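Worksheet: one structure, shown below.
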Amino acid sequence: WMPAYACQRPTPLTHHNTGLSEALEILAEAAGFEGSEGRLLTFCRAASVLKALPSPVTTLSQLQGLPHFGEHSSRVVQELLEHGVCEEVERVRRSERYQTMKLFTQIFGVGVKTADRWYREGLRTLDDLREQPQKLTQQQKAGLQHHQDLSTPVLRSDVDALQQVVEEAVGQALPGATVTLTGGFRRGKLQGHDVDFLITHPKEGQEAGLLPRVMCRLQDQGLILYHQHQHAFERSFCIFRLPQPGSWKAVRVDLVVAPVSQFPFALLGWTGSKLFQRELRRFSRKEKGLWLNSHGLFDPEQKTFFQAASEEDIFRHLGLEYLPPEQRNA
Ligand SMILES: Nc1ccn([C@@H]2O[C@H](COP(=O)(O)OP(=O)(O)OP(=O)(O)O)[C@@H](O)[C@H]2O)c(=O)n1
Ligand SMILES: [Mn+2]
Ligand SMILES: [Mn+2]
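Under the authors' numbering, read the sequence shown as residues 137 to 367, 384 to 397, 410 to 494, first letter to last.
Following this line, the structure appears as structure tokens:
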């Protein structure tokens with residue numbers, strides 16, 4: 137037996153049902169490409185159930201008594217168990233629509249609505265996009281310029297080198313300022329599509345104007361290929393030029421600044437997983453009547469914000485057993 141919400145159960149990094157969860161996640165992703173948001177969430181939830189199981193699913197009897205495991209997801213697993221392959225999944229994999237939407241949406245700065253628009257307009261390849269530079273934002277141009285490197289999984293060794301240059305720049309700009317690794321790497325992942333950092337300072341307001349100083353420092357060291365600064385939290389969505397022995413690699417890096425009062429909420433929100441956070445927010449609203457986001461936890465009946473010093477505070481306030489980041493891999 138297993139609880140309904142992903143935020144009520146530990147989901148570890150490595151599990152016993154990777155083939156099955158991957159097939160369900162293909163169907164979820166394809167659903168999102170078609171704007172089918174309900175079906176996306178349903179497949180995502182079913183995949184995350186399999187990730188939380190203690191043993192491999194070898195036979196269909198193992199499905200018994202699991203939440204969020206409807207007829208469709210059951211059917212998928214059934215064909216995988218009996219036939220080694222699911223027809224619907226293979227047809228999605230082979231389809232030009234899926235392949236092209238995956239190609240485009242992978243690009244830095246391209247979401248589903250942009251990818252779909254380009255698909256509808258007859259664009260198929262990365263060369264097709266480069267032939268129409270008037271259709272691209274400067275962010276997307278940068279994403280295309282570095283697409284091979286940005287398609288290469290980011291490694292822990294890369295994270296460690298990046299955290300060192302970001303920590304050095306932050307420390308030189310403002311002694312006492314801190315850098316915290318968030319995103320998937322905080323959850324224990326060995327690889328990622330980017331590196332996520334959250335920056336703050338223990339005195340509220342001392343973080344003002346810190347990010348542009350950090351970026352100047354990084355730029356003057358040759359480490360920045362692309363930067364877009366947005367005054384929501386202050387953030388810079390970047391492409392770093394990471395030196396490596410004999411060469412270099414472009415790597416996506418998100419730098420987020422939060423005032424220390426909001427840091428616990430920001431750390432929780434940015435640590436993920438995306439599904440875990442969606443589930444945590446749904447749980448907070450539906451079960452506790454509170455609205456959770458990356459800035460705070462709001463009681464809409466009382467018009468009050470919860471004061472939290474830590475993630476542990478937020479879990480406790482919501483009536484949830486604490487899950488460390490490595491158990492949030494929903
Ligand atoms: N503009 C954004 C981008 C991301 N996030 C959140 O930040 C976390 C990290 O996002 P991302 O790097 O996409 O996820 P990872 O789990 O780090 O995945 P990967 O290993 O692919 O980088 C997630 O909880 C996501 O919901 C957010 O709140 N606002
Ligand atoms: Mn990430
Ligand atoms: Mn990110």
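C-beta: ideal position from N, C-alpha, C; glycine also.
- Taking the Cβ atoms as the reference, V417 lies roughly 5 Å from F392, within the contact range of under 8 Å.
- Contact between the segment 294–303 and the segment 428–440 is absent, with fewer than three C-beta pairs closer than 8 Å.
- Separation of the CB atoms of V221 and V212 is rounded to 11 Å, and the pair is thereby denied contact status at 8 Å.
- Contact check for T147 against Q491 passes: the beta carbons are separated by less than 8 Å.
- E218 sits exposed, since fewer than 16 C-beta atoms from the chains shown fall within 10 Å of its C-beta.
- In this structure, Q364 and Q275 form a Cβ contact; the two beta carbons are roughly 6 Å apart against a cut-off of 8 Å.
- The shortest CA-to-CA distance from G358 to any of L394, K339, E340, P348 is the one to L394.
- In this structure, ligand 1 has a non-hydrogen atom nearer than 7 Å to the beta-carbon of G319.
- In chain order, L347, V421 place their CB closer than 7 Å to the CB of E386, counting only its own chain and leaving out the 5 sequence neighbours on each side.
- Annotation for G279 indicates a beta carbon at 7 Å or more from all heavy atoms of ligand 2.
- Relative to ligand 2, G341 has its C-beta separated by 7 Å or more from all heavy atoms.
- Annotation: the continuous alpha helix (DSSP H) that includes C352 extends over 346–356.
- Shortest Cα-Cα distance from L291 to any of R266, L272, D263, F321 involves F321.
- Less than 8 Å separates the beta-carbon of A164 from that of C180.
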